[PDB]
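# Architecture at a glance
Letter by letter, the chains look like this.
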Amino acid sequence: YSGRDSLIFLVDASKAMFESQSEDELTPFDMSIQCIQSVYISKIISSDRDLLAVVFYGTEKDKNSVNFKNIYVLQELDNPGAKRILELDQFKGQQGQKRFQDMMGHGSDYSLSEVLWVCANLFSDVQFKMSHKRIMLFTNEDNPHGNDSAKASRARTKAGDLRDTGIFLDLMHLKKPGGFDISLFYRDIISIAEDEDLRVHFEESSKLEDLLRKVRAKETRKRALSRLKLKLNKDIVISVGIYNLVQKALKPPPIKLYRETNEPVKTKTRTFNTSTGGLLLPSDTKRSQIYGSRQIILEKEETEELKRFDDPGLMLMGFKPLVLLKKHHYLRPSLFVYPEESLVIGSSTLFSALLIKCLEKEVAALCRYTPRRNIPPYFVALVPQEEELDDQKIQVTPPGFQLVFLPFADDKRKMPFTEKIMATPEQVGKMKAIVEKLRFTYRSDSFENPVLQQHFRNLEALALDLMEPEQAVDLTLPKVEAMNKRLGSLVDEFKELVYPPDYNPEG
Amino acid sequence: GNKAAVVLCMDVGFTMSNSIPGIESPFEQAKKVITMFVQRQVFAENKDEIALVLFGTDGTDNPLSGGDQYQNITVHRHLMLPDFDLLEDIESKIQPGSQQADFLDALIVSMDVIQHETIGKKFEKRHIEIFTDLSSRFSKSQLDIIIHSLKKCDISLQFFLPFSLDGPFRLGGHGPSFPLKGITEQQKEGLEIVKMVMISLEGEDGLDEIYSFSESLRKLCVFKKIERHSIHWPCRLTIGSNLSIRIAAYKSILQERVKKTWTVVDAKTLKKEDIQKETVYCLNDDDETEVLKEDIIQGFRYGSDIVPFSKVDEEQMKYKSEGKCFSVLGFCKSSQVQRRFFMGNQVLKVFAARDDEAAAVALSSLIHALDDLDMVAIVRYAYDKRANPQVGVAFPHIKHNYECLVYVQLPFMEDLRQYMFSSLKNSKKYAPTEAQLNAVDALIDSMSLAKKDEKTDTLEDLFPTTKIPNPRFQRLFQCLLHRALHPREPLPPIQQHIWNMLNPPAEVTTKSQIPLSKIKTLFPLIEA
Amino acid sequence: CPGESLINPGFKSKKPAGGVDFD
Amino acid sequence: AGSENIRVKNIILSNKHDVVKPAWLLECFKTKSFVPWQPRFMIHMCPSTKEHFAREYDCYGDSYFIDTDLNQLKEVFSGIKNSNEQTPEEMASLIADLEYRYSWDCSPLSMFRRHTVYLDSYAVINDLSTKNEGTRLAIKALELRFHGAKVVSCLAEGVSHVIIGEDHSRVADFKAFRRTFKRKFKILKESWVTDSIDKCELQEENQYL
DNA sequence: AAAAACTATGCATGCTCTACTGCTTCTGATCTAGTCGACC
DNA sequence: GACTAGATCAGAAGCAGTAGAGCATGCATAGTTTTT
């Protein structure tokens, strides 16, 4: 998957879109605006390089590159930003609805052929490489062209042409007083027609909930950290790639700005002599270290040479039983090794055979790892990882090797001498009961980084000038109330059985 | 703070000079070990006193020399902070002597020096390392007195020999050294005395205190008794709002980096003052306007839109957390936590608060319960009020020596990458062949790094990489010493023993030739 | 195909964080 | 800043800089002069400006040296949020004290405040379960209360004015109660107030006893 | 003579600059095949 | 003859990940001084 993702929001501007069957319920236009704003925010937070566009049809005023009547292109395909979100929010409220009506209008004829044509033209206008061309239609009318059959045929032909071109269309049907029937007219326009999605829908589309569910996690496309060579022998070599299936998430770095006008400021670092003031070339300077009363002078090239043993790659040592790999011997986050085949042919078969045999024999390949040039070598273990998929045949553990760094002797630290004290069976049983009372199921994605979420919410509030930032819910808190409620008296029994009567575990 | 005193007894007898062709002499190995020890001690900038006494020298320099006793014993250097002078003496101007000497006399003089010099200074760990060949006569009449003095003074003792308790021999090559039957009667006699004195000093564990030069060159054993202990982090493990156990956490495993940092200096003067670093902020305009640092403000990118974010505003709106929190979020089956997802750059070992019995028994009960139920504790960790909160897993670790919790950080949702990789088992194009599978099986069997000892039906690791010291520090120390002693000379190449210790035993290499050739012939690999 | 995120094509819709849910 | 968004709140948290309502700039443009700040315009006060305003302006919008106009008084009054600490008796006493001190008894209304009023709207005197609602007496009492009279429901010894309608059956009981009480209340009729409303003055009771 | 308060320090976190190395994608230069206009 | 458009390649900008040096600083332990 290479390229960007392009999205166009087609929002109907007919009269029916401004009427609500019930009272105190947001109108379909307001719901579409909210969903578009949520998608904009999600794109900004996750992947800001994508392109989003907003086009309104059925209005009176028109703004298109083809001058088509009753079609307004509010925002062309461009990277999302705060200005676009504010422009969309301008029409969010009822006052915003009236402002939209005055600015563009409503209750005007339209043709799906023209809107599809302008959407295709907008897609063509883009100059980058798009990995996904998508259109979303926000409307509450299931029979846009019933009076005229020629318009329906033209719309069907345009939809088919867009489908062949490679444009994926979705219909975000909204609430309709009489119910929405996709099979009536839109069955032939949707890119993929689901068998279940054939009955008359008397409520909102389920996709609206998904769109409104904001996501505040950066999304990174698959990328190889480094393509290296695994050398079983001097004359035997295969090509593999290393990926970081788990990587720490850091907030975007701060940017220096000119306080007077809030514009980027270029930062320049210069080195000059204290006696002359002229610029110093890298050869002019030297690296020195002081040890007591002795000084040692080394050049940059010599310092780089100091940490250099072997060329980058993985040198395969002998295999070791997995029982000898201690679980508590953790130094650095593990990596994933997968065959590449883009540099040397036939490596995939050897990798597969090695993985199968390692799984059968329950062994791990010990190797010497050197990520980059002039980097000291380290010891790693490649543990086989068999492909595992959960329900619905969806991969959850890719097949390959798990690269685990084995700490050196210097990495380990000795612990202070301690005296072992054992607990009587009654205390062990009481603590087992306490533990069982708090049993729960753990998943890798059961927690949210409170700092990152709070920073993202504060940034969004500042960008949109909201009344107050949305306070995040810290799922990392222990919520001691539930623990107290579940444990009941067990804590008191454990305390009176273990802790002497006069302990005061507070100082 | 923490200080130690170390005495190095060096054998310079004629027997040390003697060597077999193709085998480095014991004197060279002892010199290398001492050089490595002094390198680490001096370049680490640690305050520990080091003294060197040579026994077997032609001359005599010893307070107890008078009286026609302890002859041919010289005290090269008394207790003082290590300096480059000691390394220079070791490298060049310390040659073997033709006069034999008794190692017991060397130990006696070392103890006398320790007692005499340790009057005006405070020490908490005295260690004496004895390097001999045990190929000289000795008197056993003084064994009782020296043992009693060692017991009274609380002085640790270590012994290094050219042999340990048939391809080419290598220094630290994870292979046999000093093949059997090459030991004479004198060293056989010395073995029992050294073993029994070590047993009396420590007991059965003392048998592990007798290392070898080759073994010590790749085991970091010389610093075992001199290494310090990391500070303790005290906190309270809380399961609810009432239960709480006082605990202390140490860093069981942490990546070690060079403490000293390279300093940039001007070549002409070789001084820090000459080089000055300045930062200038300018606008992006033709005029190249310059703006003061105070004028600069902090901001963030919001998808092509720059939103100002002042540092004071960020501090005011920054997420606030309570520092020094170790709370048990819940308990989950150990199978639900996988080593793949472990994050962070450290592992914590949590014990009960020192000098505490109730906390000790409570922690032991919790550890035993977790082990019996096969469960781990998902907990919240925070070093202080400024450290970002973390979600980690604590699991039991029970050993005959001690029982403690082991804590490793766990990843957040934002820290997980979802990558899709094509399956290999279902790939017909890359499907292997039965002969290829057999060849790979043979290769794996040949290159096994663990041996099954049938005497105890156990597994012994032939290549314990965990015990190998980091080679980067040794290389840095060697290069620094070479530059200091030889200002005008290119840096030397990597020492052979370093490569030998970083390479697997020659046995597996020799036993994997035929399987490797089979793999090469059966697997057609063409570079692209 | 099923479960694919409607916002970021090619990425499965991450399940919302559930924190701790005692059994 | 005319809108209290997140940035304005953050600036409020830091008392280094002030905040001024946008109308200040408009007013400055209109008069083409650098009119100084007033508490009405600004929403935040720095310590220096806070100290400066104390000497010139009170804790509220009103100032000391510069007079106050109708608009200024309205703005100052709108500043106060709420005040419900007193009780009806205390408020009445304070009102009467103010009227006496400033001789504000000449106003068309509030002239009945000093006198408590009773009606014969109960079939049995001093009973709360026999209301005679549905007659002119109720509207007469409501008018008296609106004008400022304190309508009291319990025939306390402090009652000073009693109104009796066309029914004179219980005049003897009222006279007996007046005699018993230490302080005597003059007997009055419903027509007296009806005639006096137009004059907006206390007509002599000798003609309506 | 004994207990409490202030200062030295020191080790560990997180941020920040600063650089280095790798991969992905956009822009520009060059080569080759096809096309149009004029004539005959 | 002139021009276009597709393709092919190479160079370079942007982004991600890591290592090294410096630094504010927060909690805690050891040394010194003040008070009764």
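Residues numbered from 1 in each chain as written, not as in the entry; some residues may be left out. Chains lettered and ligands numbered in written order. Part of a larger assembly, values for the part shown. Heavy atoms only, no water.

## Considerations on the protein's contact with DNA strand F
The immediate surroundings of DNA strand F are formed by 14 residues, with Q247 and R332 of chain A together with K324, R417 and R472 of chain B found nearest. Here the atoms of DNA strand F within 4 Å of the protein split so that 94% fall in sugar or phosphate, with bases taking the remainder. Within the side chain of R332 of chain A, an N or O atom sits 2.5 Å from a phosphate oxygen of DNA strand F. A distance of 2.9 Å is found between a phosphate oxygen of DNA strand F and a backbone nitrogen or oxygen belonging to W262 of chain B. (Near = heavy atom within 4 Å. Polar contact = N/O pair within 3.5 Å; in protein donor to acceptor, adjacent residues only side chain to side chain.)

## Things to note about the protein's contact with DNA strand E
Neighbouring residues of DNA strand E: 22 residues in total, closest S2, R227 and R372 of chain A together with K251 and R386 of chain B. For DNA strand E, the backbone portion of the atoms within 4 Å of the protein, that is sugar and phosphate, comes to 85%. In this structure, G3 of chain A approaches DNA strand E through a main-chain N or O atom, which is 3.4 Å from a phosphate oxygen. Note that a base nitrogen of DNA strand E is positioned 3.4 Å from one of the side-chain N or O atoms of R223 of chain A. Partitioning the surface near DNA strand E into residue classes produces 5 nonpolar, 8 polar and 9 charged. (Nonpolar A, V, L, I, M, F, W, Y, C, P; charged D, E, K, R; others polar.)

## Digging into the domain arrangement of chain B
Residue and element names in this part refer to chain B. The domain architecture assigned to chain B consists of domain 1 (4-223) and domain 2 (434-525). Spacing between the C-alpha centres of domain 1 and domain 2 amounts to 30 Å. With 19 residues of domain 1 at the contact, the number on the domain 2 side is 21 residues. Around 1,700 Å² of area is buried between domain 1 and domain 2 when both sides are counted, 65% of it from carbon and sulfur atoms. Counting across the interface, domain 1 meets domain 2 through 4 residue pairs in polar contact. At the level of elements, helix 2 (26-43) and helix 3 (84-91) are the ones that each hand at least two residues to the side of domain 1 that touches domain 2. Classifying every residue of the side of domain 1 that touches domain 2 by side-chain character gives 8 nonpolar, 5 polar and 6 charged. (Domains from an automatic or database assignment. Contact = heavy atoms within 4.5 Å. Buried area = accessible area lost by both parts, 1.4 Å probe. Helix = DSSP H or I, 4+ residues; strand = E, 2+ residues; numbered from the N terminus.)

## Focus: the pairing of strand 1 (residues 5-11) of chain B
All names here are of chain B. Among the 7 residues in strand 1, 7 count as buried, and that is most of the element. Of the two faces of strand 1, both are covered, the one formed by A5, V7, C9 and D11 as well as the one formed by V6, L8 and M10. Pairing between strand 1 and strand 4 (residues 126-131): 6 bridges, direction parallel. Within the sheet, the bridge partner assigned to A5 lies in strand 4 and is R126. Two strands pair when backbone bridges link them, and strand 1 and strand 2 (residues 49-55) are joined in this way by 7 bridges, in the parallel orientation. Within strand 2, the residue paired with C9 across the bridge is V53. (Buried < 20%, exposed > 50% of the residue type's maximum accessible area, 1.4 Å probe, protein only. Pairing = 2+ DSSP bridges.)

## Side note on the interface of chain C and chain A
Facing 17 residues of chain C, the contacting portion of chain A comprises 36 residues. Summing both sides of the interface, chain C and chain A together bury roughly 2,400 Å²; the carbon and sulfur share of this comes to 62%. The largest share of the area that chain C buries against chain A comes from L6, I7 and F22 of chain C, three residues that together contribute 34% of it. Counting across the chain C and chain A interface gives 0 salt bridges. Across the side of chain C that touches chain A, the residue classes break down as 7 nonpolar, 5 polar and 5 charged. (Salt bridge = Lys/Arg side-chain N within 4 Å of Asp/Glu carboxyl O.)

## Concerning the side chain of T132 of chain B
Its location among the elements puts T132 of chain B in the loop between strand 4 and helix 5 (143-153). At 3.3 Å, the side chain of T132 of chain B and the backbone nitrogen of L134 of chain B are in polar contact.

## Considering the pattern of salt bridges
Two side chains of opposite charge can pair, provided their charged atoms sit close to one another. A full pass over the atoms with the stated rule returns 46 salt bridges over all chains. Measuring nitrogen to oxygen at the nearest pair gives 3.3 Å for the salt bridge that ties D170 of chain A to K207 of chain A. Here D170 of chain A is found in strand 5 (residues 167-171), whereas its partner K207 of chain A is found in helix 6 (residues 207-212), with 37 residues between them in sequence. Two residues, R308 of chain A and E305 of chain A, come together in a salt bridge whose shortest N-O distance is 2.5 Å. If you follow the salt bridges from partner to partner, you end up with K357, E360 and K361 of chain A together with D441 and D445 of chain B in one network.

## Some details on the packing of helix 8 (residues 347-361) of chain A against helix 10 (residues 434-446) of chain B
Packing of helix 8 of chain A against helix 10 of chain B leaves a shortest axis separation of 9 Å and a crossing angle of 60°. By the angle between their directions, the pair helix 8 of chain A and helix 10 of chain B is classed as oblique. By crossing handedness, the relation of helix 8 of chain A to helix 10 of chain B is classed as right-handed. Across the interface between the two elements, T349, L350, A353, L354, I356, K357, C358 and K361 of chain A of helix 8 of chain A pack against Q436, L437, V440, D441, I444 and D445 of chain B of helix 10 of chain B. Each residue belonging to the contact of helix 8 of chain A with helix 10 of chain B can be placed in one class, and the counts come to 8 nonpolar, 2 polar and 4 charged. (Axes fitted to C-alpha atoms, helices over the stretch in contact; angles between N-to-C directions. Parallel < 35°, antiparallel > 145°, perpendicular 65-115°, else oblique. Left-handed = near helix turned anticlockwise from the far one by under 90°.)

## Observations concerning the sheet that holds strand 11 (residues 265-273) of chain A
Backbone hydrogen bonds hold the strands of a sheet together, and the pairing may be parallel or antiparallel. With respect to topology, 3 strands assemble into an open sheet ordered 11(A)-10(B)-11(B), the strand pairing being antiparallel. The outermost strands of the open sheet, each flanked by one partner alone, are strand 11 of chain A together with strand 11 (290-291) of chain B. Here 2 bridges tie strand 10 (residues 275-283) of chain B to strand 11 of chain B, and the two strands are oriented antiparallel to one another. Among the inter-strand pairings, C282 of chain B is bridged to a residue of strand 11 of chain B, identified as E290 of chain B.

## A short note on the arrangement of the chains
Sorting the 5 pairs of chains in contact by contact count puts chains A and B at the top. The two units chain C and chain D remain apart, with a minimum C-alpha distance of 28 Å.

## Observations concerning the packing of aromatic side chains
One pass over the structure, following the stated rule, counts 50 aromatic pairs over all chains. Relative to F408 of chain A, the ring of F379 of chain A has its centre 5.7 Å away and its plane inclined at 65°; by these criteria the two rings are edge-to-face. Remark: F408 of chain A occurs in the loop between strand 21 (400-405) and helix 9 (425-437) and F379 of chain A occurs in strand 18 (residues 378-385); sequence separation between them is 29 residues. We classify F379 of chain A as buried; its relative accessible area is 1%. Taking the ring centre of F395 of chain B as reference, the NZ or CZ of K327 of chain A above it sits at 4.8 Å. Above the face of the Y291 of chain A ring, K260 of chain B is positioned so that its terminal group lies 5.8 Å from the ring centre. (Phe/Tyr/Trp six-rings, centres within 6.5 Å; stacked < 30°, edge-to-face > 60°. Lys NZ or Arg CZ within 6 Å of the ring centre and 35° of its normal.)

## Regarding a positive patch on the surface
Together, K326 and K412 of chain A together with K224, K399 and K467 of chain B line one region of the surface with positive charge. Residue placement: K412 of chain A occurs in the loop between strand 21 and helix 9. On the basis of relative accessible area, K412 of chain A is assigned to the partly exposed category, the value being 30%. (Patch = residues over 30% accessible without salt bridge, like charges linked within 9 Å, V, L, I, M, F, W, Y side chains within 5 Å. Areas by Shrake-Rupley, 256 points an atom, 1.4 Å probe, with all protein chains shown as cover. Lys, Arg positive; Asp, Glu negative; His and termini not counted. Charge placed at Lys NZ, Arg CZ, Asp CG, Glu CD.)

## Considering the interface of chain B and chain A
Taken residue by residue, the interface counts 184 residues in chain B and 186 residues in chain A. Summing the contributions of chain B and of chain A, the shared interface buries around 17,900 Å²; its carbon and sulfur component is 63%. Where chain B touches chain A, the interface holds 15 salt bridges. Notably, a salt bridge pairs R483 of chain B with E302 of chain A, separated by 2.8 Å at the nearest N-O pair. The tally of links between chain B and chain A comes to 66 residue pairs in polar contact. For the side of chain B that touches chain A, the leading source of residues is helix 9 (residues 357-373) of chain B, giving 13 residues.

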